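Enquirer: Before I ask anything, here is the structure I am working with.
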Amino acid sequence: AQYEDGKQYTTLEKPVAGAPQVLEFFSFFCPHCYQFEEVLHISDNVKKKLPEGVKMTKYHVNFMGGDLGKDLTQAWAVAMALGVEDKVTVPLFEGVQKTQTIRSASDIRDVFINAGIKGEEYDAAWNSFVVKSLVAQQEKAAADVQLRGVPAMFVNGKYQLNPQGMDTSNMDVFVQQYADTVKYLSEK
């Protein structure tokens, strides 16, 4: 073909019923995830080429950064609940990986405070059961799919993107190729 299994994607032997249509995993500790977000804008460019009626999910994972890694997963759960994903993603990445000013839950909180969420509102979410179940969701979805590495993208719980089978000589070309693959997998 031009899109073959084992090339731009791989297939799960143990497909995941009821999975989100497009499901993405990252970690704020993950260098490629940083590139994927800050330089490549993968999520955004996939969305631009996805069909109508297709929803896009992105989850954080625990297996990077020990205790801070879990904190970040709860914090991402907070971001999802309050709908402030686009206001914290960048400062969280840069806080962990660029400036190294995130060393504790309190430092994570500051990013939300500086990005305008209010202390009371943040602390309330942080402690809410809605956020507990969003943390559970994030962990379940990772658990369902063999996940030991990020960044990772899954389509309909059957297909996993394989970026190491695409050209990286040109960034833009890499992105459109990545995105077009998601489109194809989507229609599959």
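As a convention, Cβ positions derive from the backbone with ideal geometry for all residues, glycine included, and neighbour counts pool all protein chains shown. Derivation of every value follows stated rules applied to the coordinates shown; laboratory data play no part.
Enquirer: Just checking, how many residues over the range 65-97 are over 24 Å from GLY116 (Cβ atoms) and either touching a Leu at 6+ places or on another chain (Cβ under 9 Å) or among the aromatic types (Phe, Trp, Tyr) (or both)?
Expert: Residues meeting the conditions: 1.
Enquirer: What are the residues in the range 85-98 that are of a type in the set (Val, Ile, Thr) and either in contact with a strand residue (DSSP E or B) (Cβ under 6 Å, 6 or more places away or on another chain) or under 13 Å from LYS58 (Cα atoms) (or both), if any?
Expert: Within the range 85-98, just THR89 meets the criteria.
Enquirer: Taking the range 4-37 only, how many residues are in contact with a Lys or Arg (Cβ under 9 Å, 6 or more places away or on another chain) and either exposed (fewer than 14 other Cβ atoms within 10 Å of the Cβ) or in a loop (DSSP other than H, G, I, E, B) (or both)?
Expert: So the count comes out to 7.
Enquirer: Given the conditions (1) more than 13 Å from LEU23 (Cα to Cα); (2) assigned to a helix (DSSP H, G or I); (3) under 14 Å from the mean Cα position of the chain (by Cα), report the number of the one that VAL175 does not fulfil.
Expert: Of (1) more than 13 Å from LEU23 (Cα to Cα); (2) assigned to a helix (DSSP H, G or I); (3) under 14 Å from the mean Cα position of the chain (by Cα), only one is false for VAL175: (3).
Enquirer: Let me ask another. Quick one: would you say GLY95 is more than 21 Å from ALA19 (Cα to Cα) and in contact with a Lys or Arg (Cβ under 7 Å, 6 or more places away or on another chain)?
Expert: The answer is no for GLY95.
Enquirer: Kindly indicate whether any position in the range 114-135 is within 29 Å of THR10 (Cβ to Cβ), crowded, with 18+ Cβ neighbours inside 10 Å and touching a strand residue (DSSP E or B) at 6+ places or on another chain (Cβ under 6 Å).
Expert: No: zero hits.
Enquirer: Another question, if that's okay. Limited to the range 38-82, what total is found for residues that are of a type in the set (S, T, N, Q) and either in a helix (DSSP H, G or I) or free of Cβ contacts under 8 Å to residues at least 12 places away in the same chain (or both)?
Expert: 4
Enquirer: Could you run through the range 91-110 and say how many residues are closer than 26 Å to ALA143 by Cα and either surrounded by 15 or more Cβ atoms within 10 Å (Cβ to Cβ) or within 14 Å of the chain's Cα centre (by Cα) (or both)?
Expert: Qualifying residue count, the range 91-110: 6.
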